[PDB]
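We begin with a single chain expressed as structure tokens, specifically the form deposited in one PDB entry.
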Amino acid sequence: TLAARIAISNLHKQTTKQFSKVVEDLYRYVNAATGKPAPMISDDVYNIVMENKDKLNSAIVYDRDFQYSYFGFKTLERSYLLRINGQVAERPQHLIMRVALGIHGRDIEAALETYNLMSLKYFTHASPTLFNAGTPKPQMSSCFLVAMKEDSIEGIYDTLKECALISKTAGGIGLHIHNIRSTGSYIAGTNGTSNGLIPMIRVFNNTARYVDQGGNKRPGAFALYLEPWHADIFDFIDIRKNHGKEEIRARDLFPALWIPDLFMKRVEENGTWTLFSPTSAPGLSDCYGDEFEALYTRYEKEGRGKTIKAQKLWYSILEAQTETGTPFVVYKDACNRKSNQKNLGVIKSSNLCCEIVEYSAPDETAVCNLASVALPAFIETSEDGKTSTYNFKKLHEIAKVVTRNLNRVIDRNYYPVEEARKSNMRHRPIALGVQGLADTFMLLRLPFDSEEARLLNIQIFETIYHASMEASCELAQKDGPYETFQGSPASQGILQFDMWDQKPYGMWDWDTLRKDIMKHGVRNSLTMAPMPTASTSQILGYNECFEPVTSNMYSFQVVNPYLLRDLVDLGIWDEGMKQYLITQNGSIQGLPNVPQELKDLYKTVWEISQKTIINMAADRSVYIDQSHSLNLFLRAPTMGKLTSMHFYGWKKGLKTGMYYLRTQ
């Protein structure tokens, strides 16, 4: 609580103050053990700082280093602040300014604006952008979607190499493997027999452990995508199980289902499902919707696969999620039907955290650059105040700033492999998200499940999508649309919510925007993909992304600051209530002397109906370009509950039915 203004003070004492000097130290750094010059700032950002040192040096407000809570600062200290000899060289303000310069280059005024907005916590960029912006090979991208190059040892190992090269410089990976022939399929060149996915997965698994994001940084992180008809599907979904048969597990990877509607239809009808090897039943990953169903159905009649009962696979899916939190679930038809990149071809996968939906192929590895807007920063106490209100106007303004940021990142990025550069330069996607929706709702006195919260959620996501497309239309006016604009839904005036066949809420003028996009283009094929903010939310001191809090009382013991305020304000906060909190896993329900309104406001995710989560996810989804990383939380899980959740999500038209399933 106070140990923050204590440990930040210590860094100040143990660090150089003047920004242009820290930059000098970074830039002139030599790796001692090898005596090699190891500059930690690009030449270009170095020169820019030296030619602007007074302006740059004087713009920085180090008081702002005290915006960070204790965990936030320590998060910054451990992994983000550049170090010289195991000693931290950057103060948080310094990091921020390096990033704003990393992103903006010669445009100093744009860099100053980003410095102010980030230092004041209106928004942040994703971890890799913070780690690497303004450094010599700035790999600022968070996400890569990799296509298995070919069903051959040559393509498998070309793919493995690619993944290694990517993991080297710190992305997370989604990799689709639908085209690999299954167990027992014939191998012609040697008259042999395939052992299927598992032994191939195990090679990728080891690669992930080996290539730890730059040498002792973080284990490689790959999610694998598979359509539920693949004949190896039962072992794939179990890849994370704790119990026996070590040679058949792949514990360092994450399995994801790329589900066609037909699977769901068959599950609900209590029908049959057919398992195929892709050699016997080709092209299934390369179509979707009615076209997929006609193709699948024919192959199924032609006897080309093995028939089981659908509900047998399902029950196994459900078992695996209950035990491991995986596999993830992303609906292939929804993704494909409702994607502005549909003119590129069929989208075969999502990504490590199920927010990105972008087209990939053997020659194109889809990329995304991310940032998240801090939703609390736009609450103003009103002019009388106390009403508090929500400044949608400023939100719109900042989302436009961040849009332009993520666009510069595209052009200034170092891409690990050529397949990533080719994709990104062509198609130009970007990913805006949010953090602290829970905090916003709290501050404003709205319960998560309330109709008021429902409305705010809709308006926030409408404003972010509108702002991002407005900014992207602006950039297309200056710089031209992205190469692949023509033929896109957006070129026809079909925007995300149109694809859900809905009217927009209408807080913004979508018609003028649409008129404008049709005439001038947009600069980015996609703009929205709300992400977990698993790390960045913790730097800023807010609840991750768009989920309710999991607990009003984490563990160092820290009680929800909004709840604490309230308890003291009511003459009820004593030792007998702090007790009823570490024991109650952070709940206040049923608790004796506590007003109903606080109970309704400080509900945990474990106490909110997942029908409420799904509904709200489905509401904002009309304003999301890509998808979003929808964690599901079940207290006492049953197959019946799990089933109704997936199905409710599925019939709502979600793209990401489920990220992790969390239990207790």
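Residues carry their position along the shown sequence, with the first being 1. Only residues modelled in both forms are compared. Definition used throughout: the rigid core is the maximal C-alpha set that superposes within 1.5 Å between two forms.
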Original post:
Among the other entries of this protein that model both neighbours of residue 215, is it absent from at least a third?
Top reply: yes
Original post:
Are coordinates for residue 593 absent in a third or more of the other compared PDB entries?
Top reply: no
Subject >> Residues of the deposited sequence left unbuilt between residue 556 and residue 555 >> reply: 4 to 9
Original post:
Mean C-alpha B factor from the entry: is it higher for 79-87 or for 527-535?
Top reply: 79-87
**OP:** Output the stretch having the higher mean C-alpha B factor in the entry; the candidates are 467-475 and 242-250.
**Re:** 242-250
Original post:
Quick one: which of 629, 615, 638, 621 has the biggest Cα B-factor according to the entry?
Top reply: 638
Subject >> Criterion, highest CA B-factor; candidates, 583, 484, 274, 277 >> reply: 583
**OP:** Relative to the other modelled residues of the same chain, rank the CA B-factor of residue 451 and answer lowest, middle or highest third.
**Re:** highest
**OP:** Place residue 14 in the lowest, middle or highest third of its chain's C-alpha B-factors, as listed in the PDB entry.
**Re:** highest
Subject >> Assigned third (lowest, middle, highest) for the C-alpha B factor of residue 296 >> reply: middle
**OP:** Could you say whether, by C-alpha temperature factor, residue 225 belongs to the lowest, middle or highest third of its chain?
**Re:** lowest
Original post:
Among the modelled residues of its chain, does the C-alpha B-factor of residue 94 lie in the lowest, middle or highest third?
Top reply: middle
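What follows is about the form solved in complex with a partner chain, which we do not show.
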Subject >> Stretch from 502-510, 263-271, 388-396, 285-293 whose residues place a heavy atom within 4.5 Å of its partner chain in the deposited complex >> reply: 263-271
Subject >> Proximity of residue 645 to its partner chain in the deposited complex, heavy atoms at 4.5 Å >> reply: yes
Original post:
Looking at the partner-bound form in the deposited complex, is residue 53 within 4.5 Å of its partner chain by any heavy atom?
Top reply: no
Original post:
Given that the partner is absent here, does residue 596 sit within 4.5 Å of its partner chain in the deposited complex, heavy atoms only?
Top reply: no
Original post:
Looking at the partner-bound form in the deposited complex, is residue 21 within 4.5 Å of its partner chain by any heavy atom?
Top reply: no
**OP:** Report yes if all three of 311, 609 and 614 come within 4.5 Å of its partner chain in the deposited complex by some heavy atom, otherwise no.
**Re:** yes
Subject >> Only residue that shifts (Cα, 2 Å or more, rigid core superposed) between this form and the one not shown, among 445, 309, 218, 265 >> reply: 218
Original post:
Core-aligned, does residue 184 move its Cα 2 Å or more between this form and the one not shown?
Top reply: no
Original post:
Fitting the rigid core first, would the Cα of residue 385 be found 2 Å or more away between this form and the one not shown?
Top reply: yes
**OP:** Over in the other structure, so in the deposited complex, do residue 363 and residue 215 pull closer or drift farther apart at the C-alpha level? The difference is 3 angstroms or more.
**Re:** farther
Original post:
residue 214 to residue 157, Cα distance in the deposited complex relative to here: closer or farther, by 3 Å or more?
Top reply: farther
**OP:** With the core superposed, could you pull out the runs of three or more residues whose CA atoms all shift by at least 2 Å between this form and the one not shown?
**Re:** 189-192, 213-220, 384-388
